[PDB]
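Structural overview
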Amino acid sequence: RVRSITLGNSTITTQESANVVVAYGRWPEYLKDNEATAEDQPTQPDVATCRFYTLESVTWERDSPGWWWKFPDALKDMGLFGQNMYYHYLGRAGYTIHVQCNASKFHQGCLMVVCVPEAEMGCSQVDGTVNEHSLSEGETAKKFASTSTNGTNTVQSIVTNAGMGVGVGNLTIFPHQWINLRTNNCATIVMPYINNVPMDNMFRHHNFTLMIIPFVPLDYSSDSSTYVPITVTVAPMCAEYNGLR
Amino acid sequence: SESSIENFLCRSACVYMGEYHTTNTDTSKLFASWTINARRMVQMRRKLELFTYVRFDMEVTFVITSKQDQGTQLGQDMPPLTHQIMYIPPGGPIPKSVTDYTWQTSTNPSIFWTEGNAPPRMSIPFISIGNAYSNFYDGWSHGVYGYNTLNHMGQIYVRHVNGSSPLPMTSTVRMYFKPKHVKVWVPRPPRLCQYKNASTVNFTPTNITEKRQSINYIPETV
Amino acid sequence: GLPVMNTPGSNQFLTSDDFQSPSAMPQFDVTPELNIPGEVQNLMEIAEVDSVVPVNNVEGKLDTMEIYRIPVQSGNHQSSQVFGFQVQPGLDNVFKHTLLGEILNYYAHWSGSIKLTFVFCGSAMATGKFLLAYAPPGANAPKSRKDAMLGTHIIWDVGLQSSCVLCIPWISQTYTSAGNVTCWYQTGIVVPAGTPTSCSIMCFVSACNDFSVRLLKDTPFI
Amino acid sequence: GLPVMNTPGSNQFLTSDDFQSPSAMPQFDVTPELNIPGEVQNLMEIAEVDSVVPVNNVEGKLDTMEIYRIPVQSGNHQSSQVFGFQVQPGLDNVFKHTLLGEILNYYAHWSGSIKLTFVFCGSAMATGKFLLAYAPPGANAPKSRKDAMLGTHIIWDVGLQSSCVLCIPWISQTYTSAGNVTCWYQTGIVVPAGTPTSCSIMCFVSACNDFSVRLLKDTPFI
Amino acid sequence: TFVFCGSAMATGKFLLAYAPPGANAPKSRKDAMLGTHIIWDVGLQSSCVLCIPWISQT
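Thresholds applied
- Positions along each chain are numbered from 1 by the written sequence. They may not match the entry numbering, and residues without coordinates are not shown.
- Key to labels: chains lettered from A, ligands numbered from 1, both in the order written.
- Values throughout apply to the part shown, which belongs to a larger assembly of chains.
- Side-chain numbers come from the whole structure's heavy atoms, not from hydrogens or water.
- Each helix is a run of DSSP H or I of at least 4 residues and each strand a run of E of at least 2, with the numbering of both proceeding from the N terminus.
- Pairs of residues are marked as contacts when any of their non-hydrogen atoms sit within 4.5 Å.
- When two parts are brought into contact, each loses some accessible area as probed by a 1.4 Å sphere; the total of that loss over both is the buried area.
- Whenever a carboxyl oxygen of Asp or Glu lies within 4 Å of a side-chain nitrogen of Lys or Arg, that contact is scored as a salt bridge.
- Nonpolar residues are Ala, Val, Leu, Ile, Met, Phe, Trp, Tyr, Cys and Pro. Charged residues are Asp, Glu, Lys and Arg, and all others, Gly as well, are polar.
- Paired strands are those between which DSSP finds at least two bridges.
- Each residue's exposure class comes from its accessible area (1.4 Å probe, protein chains only) as a fraction of the maximum for that residue type: buried when under 20%, exposed when over 50%, partly exposed otherwise.
- In this description, the arc belongs to the directions extending from the helix axis to the C-beta atoms.
- A 3.5 Å cut-off defines polar contacts: any pair of N or O atoms within that distance qualifies, except that in protein one atom must be a possible hydrogen donor and the other a possible acceptor, and neighbouring residues in sequence count only when both atoms are side-chain atoms.
- Working definition: a ring pair exists when centres of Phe, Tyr or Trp rings (six-membered ring for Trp) sit within 6.5 Å. Plane angles under 30 degrees give stacked, over 60 give edge-to-face, the rest tilted.

Method of determination, as annotated in the archive: cryo-EM, at 2.6 Å resolution.

Put into structure tokens, the structure is as follows:
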């Protein structure tokens with residue numbers, strides 16, 4: 001009851017009892033042919049964009065508020081998919097995201113894993129503006145805080161308002177999955193391309209945001225490990241660019 | 001049936017009220033202007049933020065009232081007043097005086113109306129080179145965070161249509177706005193914090209809800 | 001030609017009228033629609049989604065993640081209450097700011113059935129029993145574990161199931177005249193050596209398919 | 001007779017309305033139409049015509065025929081640039097006053113494909129090679145002959161062909177975010193004894209059949 | 001094949017990564033994620049399998 005999956009020259013292993021969320025019922029696909037027939041011809045890499053990219057693990061401790069990543073540009077240094085971001089003026093893609101934990105039966109805790117489109121964030125100063133570095137750091141995660149933040153140009157990252165001004169118990173409206181250390185330790189989310197235009201430039205726009213948020217904190221006792229590792233793996237799907245010839 | 005999208009959003013509201021004179025010594029008080037967006041009406045803003053992408057037509061009605069200034073001169077006998085209401089599409093010339101050439105450009109649609117009649121009304125289609133409007137944008141304008149140029153919807157300008165050396169008068173216009181044939185995509189959670197300004201999502205941290213006495217407390221039954 | 005007669009109501013502006021209007025941009029072909037994933041036809045598609053309830057809304061923790069966690073304590077307390085609340089979406093503080101509560105607060109009359117889910121977030125070594133009890137509207141909340149057993153209840157063994165589900169059938173709106181739900185320790189929690197002592201429960205609320213709303217009004221939150 | 005009811009909008013003058021009007025000269029039969037050559041149904045028939053581009057719009061020659069001539073110099077300069085520009089009809093000075101540019105400036109949104117033709121006006125004894133290179137929007141302009149060769153380009157031998165043609169596919173409007181075109185000396189120009197030393201190139205621009213325009217507005221030139 | 005020999009109560013995650021011939025070995029967890037990899041949860045599976053396709057010698 002273990003499946004082994006190979007994309008390109010990558011191989012990972014999952015359990016065949018996985019559960020998969022397809023975001024709004026829609027699988028990813030190519031914009032078919034004839035939105036812009038004449039002088040808008042696209043191309044597709046399909047070479048080493050369809051392959052598993054694995055980020056660094058994060059460390060879940062007793063007081064961890066949460067983590068977030070921006071897509072794309074979490075992959076702007078990831079081999080070929082990142083090269084294509086510099087060579088081409090427009091693009092699009094869907095994604096498959098796997099999130100996994102490594103824990104024992106003597107640990108306990110609960111995580112929400114959610115993919116949020118257009119996650120526009122607020123500044124720590126009400127009459128201020130957010131910086132580009134405070135929104136993302138690429139393949140390194142940003143951190144939520146457990147109290148309200150200060151300083152100039154920083155996202156106001158108190159975890160109960162999720163940086164967007166809503167109640168964090170209501171983020172289940174988005175494509176999401178629960179990880180309860182008692183019953184499962186994995187989550188797969190398949191995201192299609194969602195925009196109000198068919199293609200776009202991939203450097204000054206963040207299509208979506210992946211967030212991981214503990215709702216019940218990690219607990220252990222006498223001589224268990226004091227942390228739990230979380231691992232994120234991403235495979236781009238049906239990527240497509242403007243033709244160069 | 002009352003929770004359909006059309007019955008929830010397609011409702012009229014006053015979104016701008018402005019004043020303008022026939023004679024003045026400021027020359028910006030001689031006309032009134034408004035930029036069309038749905039972010040300075042706090043009740044419509046919140047209902048619109050439940051979705052990420054929207055598509056609609058606009059309908060605008062104008063209620064216009066005049067007054068003679070309390071300055072001094074009485075015994076007048078005046079004909080009814082005429083007004084001009086000009087819509088500028090995105091990518092159009094903007095007037096800066098009431099005597100400007102742009103009040104006569106053939107591609108700015110315009111309405112001429114005289115008091116005493118029914119209130120004037122124009123209908124604007126979905127105007128965007130994109131496929132939908134967006135209530136949320138996680139990007140840069142090219143650089144302002146959260147602002148994309150596909151959301152431009154145009155402007156409205158109002159003036160008096162007198163001749164030379166007119167008599168002093170003060171008018172007020174109220175604009176009533178209504179979206180029609182509406183379609184929405186990607187639902188979102190409702191805004192929990194108060195709005196702080198009209199262009200950002202900035203906020204001060206807010207409590208999740210209000211307290212009670214204890215986790216067991218249920219009020220005595222009647 | 002064509003003799004004609006004007007009726008009362010002519011030349012009035014009614015804010016909710018429905019008439020054809022002249023277009024100000026007739027020679028403009030609009031951008032065709034895109035097939036964006038995630039389209040919505042009705043607000044009841046938002047209320048049928050689960051959201052986390054802040055059941056622990058007591059003093060000192062209205063601004064932390066702790067507001068969402070029901071505490072299960074360690075040791076032997078096998079007849080004490082764990083929690084209890086009245087089921088009043090829209091009005092009561094614990095249900096007021098959820099996805100279902102936020103919708104219901106746009107309408108002056110609503111009715112349907114409600115779904116509550118409970119989930120145990122402890123270690124896989126812990127075992128024990130809870131008693132979940134429901135009192136109808138017009139009944140007092142039970143004071144002991146025994147009289148809660150004498151009504152409608154379910155006995156929930158967390159060593160066997162990690163989650164329980166309840167469906168409540170007679171919900172309307174306006175010292176409440178509403179039903180209530182309570183939870184009791186049947187046995188107490190038992191663990192082996194080397195596992196955490198305390199733990200937590202979480203509540204999710206949603207609406208069932210037969211939910212209806214009437215008389216759109218203004219919300220009291222902005 | 002015939003009970004009737006006046007709606008809002010009655011007795012208003014809407015500048016863009018469309019109603020039947022009474023004729024002031026009903027008893028007058030009009031002159032029948034003549035079949036004049038050269039009738040027009042659509043403005044895109046004017047934009048599909050080539051017109052000469054003033055590529056040499058530098059100081060000291062904005063009022064001479066020299067503004068239209070790209071200079072080709074004599075001797076050996078076989079890696080230097082000949083010319084380069086961004087492709088931005090409507091906004092950029094070199095394309096702004098052509099037949100295509102003048103039309104596009106009546107509309108606030110437009111899009112399509114563009115056609116550029118280059119013609120060599122030297123003596124029939126001259127030979128040599130040019131490299132014509134295209135960079136897409138969002139790419140920097142090439143700095144050398146070699147990196148222009150590493151992109152999309154054509155090598156144009158003027159001893160074989162007197163003219164070259166290019167079709168550019170992704171044109172829209174609003175430190176530009178537009179594509180560009182550049183020309184490089186591959187070899188240098190070679191002549192026999194008794195022929196002029198210097199020479200010229202000319203550019204023609206036009207639109208291809210798939211061109212569209214929206215939101216008529218006022219032009220910024222008179 | 002890799003097999004985890006710990007107690008049945010232990011949980012956690014590993015990242016297993018493969019670089020082809022002619023490529024350098026990854027230096028961090030993030031660039032190993034950006035190549036071919038599998039994420040292995042030992043609370044779910046006790047063993048993982050890999051098949052490597054281009055093997056020759058000097």
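Our focus in this paragraph is the side chain of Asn 135 of chain B. Inspection of the secondary structure puts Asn 135 of chain B in the loop between β7 (133-134) and β8 (155-160). The contacts of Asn 135 of chain B, once residues within four sequence positions are left out, are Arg 39, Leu 48, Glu 49, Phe 51, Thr 52 and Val 54 of chain B.

Quick look at the interface of chain C and chain B now. In this assembly, 68 residues from chain C lie in contact with 61 residues from chain B. For the pair chain C and chain B, the summed buried surface comes to about 5600 Å²; carbon and sulfur atoms form 60% of the total. For the chain C face of the interface with chain B, the top three residues by lost area are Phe 13, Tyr 175 and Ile 222 of chain C, together amounting to 12%. Connecting chain C to chain B are five salt bridges. Among the elements of the structure, β1 (39-40), α1 (44-47), β3 (70-72), β4 (81-86), α2 (99-104), β9 (180-185) and β11 (212-216) of chain C are those that each provide at least two residues to the side of chain C that touches chain B. Element by element, the count of residues in the side of chain C that touches chain B is highest for β4 of chain C, at six residues. Along the lines of polarity and charge, the residues of the side of chain C that touches chain B split into 39 nonpolar, 21 polar and eight charged. Bridging between strand β9 (residues 170-187) of chain B and β1 of chain C involves two bridges; their strand directions are antiparallel. Counted as the bridge partner of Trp 185 of chain B is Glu 39 of chain C from β1 of chain C.

On to helix α1 (residues 79-87) of chain A, then. Residues and elements named next belong to chain A. Those residues of α1 lying buried are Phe 81, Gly 82, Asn 84 and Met 85. Projected down its long axis, α1 shows its buried positions confined to an angular sector of 155°, all on one face. Exposed positions of α1 whose direction lies more than 90 degrees from the buried face are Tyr 86 and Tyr 87. Those residues of α1 that are buried are in contact with β5 (53-54), β8 (91-101) and β14 (228-242).

Counting residues at the interface gives 33 residues for chain A and 38 residues for chain C. With both sides pooled, the region where chain A packs onto chain C buries about 2900 Å², and carbon together with sulfur makes up 63% of that total. Broken down residue by residue, the surface that chain A buries against chain C is led by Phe 106, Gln 108 and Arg 182 of chain A, which jointly contribute 25%. Run the count over chain A and chain C and you get zero salt bridges. One can count 16 residue pairs in polar contact joining chain A with chain C. Going through the elements one at a time, β9 (108-117), β11 (176-180) and β13 (208-219) of chain A are the ones with two or more residues in the side of chain A that touches chain C. Here the element with the most residues in the side of chain A that touches chain C is β13 of chain A; it accounts for six residues.

For the rest of this paragraph, the subject is the packing of aromatic side chains. Applying the stated rule across the entire model yields 32 aromatic pairs over all chains. Measuring from ring centre to ring centre gives 4.9 Å for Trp 68 of chain A and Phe 144 of chain A, while their planes differ by 55°; the resulting arrangement is tilted. A residue pair is termed long-range when its members are at least 10 positions apart, and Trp 68 of chain A in strand β7 (residues 67-71) and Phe 144 of chain A in the loop between β10 (142-143) and β11 qualify at 76 residues. Relative to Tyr 157 of chain B, the ring of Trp 103 of chain B has its centre 6.3 Å away and its plane inclined at 85°; by these criteria the two rings are edge-to-face. For the residue pair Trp 103 of chain B and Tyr 157 of chain B, the accessibility class agrees, reading buried in each case. Connected via pairs of aromatic rings, a cluster forms that spans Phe 71, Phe 81, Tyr 95 and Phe 208 of chain A.

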